[PDB]
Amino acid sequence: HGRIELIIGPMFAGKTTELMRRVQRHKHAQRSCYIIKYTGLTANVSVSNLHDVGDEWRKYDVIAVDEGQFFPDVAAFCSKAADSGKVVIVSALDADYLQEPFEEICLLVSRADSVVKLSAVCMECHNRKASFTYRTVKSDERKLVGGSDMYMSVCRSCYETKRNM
């Protein structure tokens, strides 16, 4: 019946586009899809906790979760949904800007049927595949919502190089 599919990788890797590619496939076969997004045949919702969705998710064949790393209870939610027979698809960062794991996404790795880690292109050297997200502005807040203004995806050596200067 149910499964969990997980899409990880650094920023700018196209994780959300891949999540939607998959949702679309299911829609062409007349499956009902429920898309959950974060905020500080089809359906959408922006929420800050998966609790706040209630039981609405049970009306759907496929549940998609975007920015899974911002939801504190995401692993338990996905397991509950997959145990009820849903196809659960999650896009998330695996690593924060210090290359430290989001603990909840780690738990999802252990529970997932499928895991794909996408890469980006290094925004520093423009020559290599990038697996890390470097924060270009000086906060020590773990969560800090932003775009290419505040983050770059970089290859391993550019991450190091920048970490010096």
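Note that residue numbering follows the sequence shown and begins at 1.
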- Are coordinates for residue 53 absent in a third or more of the other compared PDB entries? no
- Can you tell me whether residue 41 lacks a model in a third or more of the other compared entries? yes
- Task: Name the higher of the two by mean Cα B-factor in the PDB entry, 48-56 versus 99-107.
- Result: 48-56
- Query: Comparing 108-116 with 134-142, where is the mean C-alpha B-factor higher?
  - Reply: 134-142
- Message: Looking at the temperature factor on the CA atom of residue 43, which third of the chain's modelled residues does it land in?
- Response: highest
- State the tercile, meaning the lowest, middle or highest third, of residue 74 with respect to the CA B-factors recorded for its chain. middle
- Sort the modelled residues of this chain by their C-alpha B factor and say whether residue 6 lands in the lowest, middle or highest third. lowest
- Sorting the chain's modelled residues by C-alpha B-factor and splitting them into thirds places residue 90 in the lowest
- Message: Considering every modelled residue of the chain and its Cα B-factor in the PDB entry, is residue 27 in the lowest, middle or highest third?
- Response: highest
